[PDB]
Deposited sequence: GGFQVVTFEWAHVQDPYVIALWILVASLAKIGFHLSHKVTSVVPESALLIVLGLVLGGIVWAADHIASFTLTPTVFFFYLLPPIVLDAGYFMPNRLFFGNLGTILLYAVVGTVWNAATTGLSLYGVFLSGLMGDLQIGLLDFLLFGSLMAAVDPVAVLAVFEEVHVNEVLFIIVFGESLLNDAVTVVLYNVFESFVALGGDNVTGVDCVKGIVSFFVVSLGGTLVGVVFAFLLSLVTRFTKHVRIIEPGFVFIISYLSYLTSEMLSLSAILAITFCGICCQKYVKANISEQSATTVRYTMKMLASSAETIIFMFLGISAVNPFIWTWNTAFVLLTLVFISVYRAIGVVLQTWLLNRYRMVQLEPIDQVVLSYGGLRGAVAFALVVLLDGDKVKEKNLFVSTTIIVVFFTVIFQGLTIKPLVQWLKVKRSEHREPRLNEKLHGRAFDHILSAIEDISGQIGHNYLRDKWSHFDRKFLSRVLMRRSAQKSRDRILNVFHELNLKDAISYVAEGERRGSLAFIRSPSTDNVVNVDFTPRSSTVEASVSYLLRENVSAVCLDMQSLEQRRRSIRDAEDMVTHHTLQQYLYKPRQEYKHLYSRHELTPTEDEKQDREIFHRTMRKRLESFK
């Protein structure tokens, strides 16, 4: 009762201890997971995190500490979401992203609004027919559910379906849509949650018109804030030639400040830190040192893996909470049907529309991995548990259905997308001349200059080299760059593993959990050297 020499005090170190245990156990499970290529080529890593979150939630339930864990909006929206989005936006291949900006936008904004509106309205129409039965629910609740339920993550299944089907435009669609619909879903989530605050009778026609105007203003203002802060981040790294240690700190602090500045102006915070990473990419990591750029990209997978791990551990903690488990036969089995049917015909319709104005069509196999690439994961789940439990009467049913859909998509669709794609796409001279045909086409598609946004790429490169590089790149770097530009201005299965791959078939990967540098860019540099050695034959 006096002075205690030592006191076991677990309640003290209990939040940080459990969070750090989550991250550590996920990292150990990643040690086990990536051990064998026979696993990482079959199981999406999101499935590992979801199963591990289930197991750790089972431990939490055994310890009877379910009520100790709550995901709060100020934590997800300020600390758990920014790292994920910044990681996605900082590893975005800029040339592919901007050469396919319209396609990504159509799959990510119209595709999300299509999925959200159709799922919400179809569930509401089912509800009006009495199939669900005696749910105290309204139209805005259904639209909120549909909006959060459109937060697909098809890039989570990228590393596994690209064992059997590689297409670098489909990669950027999957990766762009994964990232830009987090923004669009959160925009729709905020709009319909503001509507839920007002109520199904307080929302007038002008309120809905302001909702539409808010969608566009929020999205575009967030993008603009992100571009401004990417300019500022590119600029500040210009002046860190001497103090090179603070450069990784700048990339994360200024991206975070873009996120919070948009969240301060009520703009799209996700789009701000998305484009603070997409746009800072060229000049950051040109001004940053080599040693300080590995820190920036090891820390981005460090922050995003940890953030996604925490949300997936919370998914497990809720997936074992027996007080949120509300199972409505119709609701669950029609959410599964609607989000899958409407995703399929949404992709089919958008791909048909895009293919009318494309030089390389999106073949039905590309549309298949988009339709089967629901993979609803962290963002989707988090947006459901962050719902207001009293403003949305049937929130527990939403959480249960979202957990069920997260598991169904990530585990059933995430695991069977590789067998399915490999099923749907089912001799030496044949292969050699086929590769020659592919290389001819990627030259004709290139000569005609209708693949990228070539006119705007040319216009940007002129503006980048003459104006932007003068303010965002160091003087000596400008001199070296112009010297380099001046000196370059004068200028059966064995066979399969030997041939060059066509530019269209580079195996790009984004993992959020490991660094996956495109190992086919080595081909580009090898051939460039071979042609330049051939360009020295003229002796010019």
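Legend entry - Ranges of the deposited sequence (numbered from 1) for which no C-alpha atom is modelled: Missing from the model are residues 427 to 434, 500 to 577.
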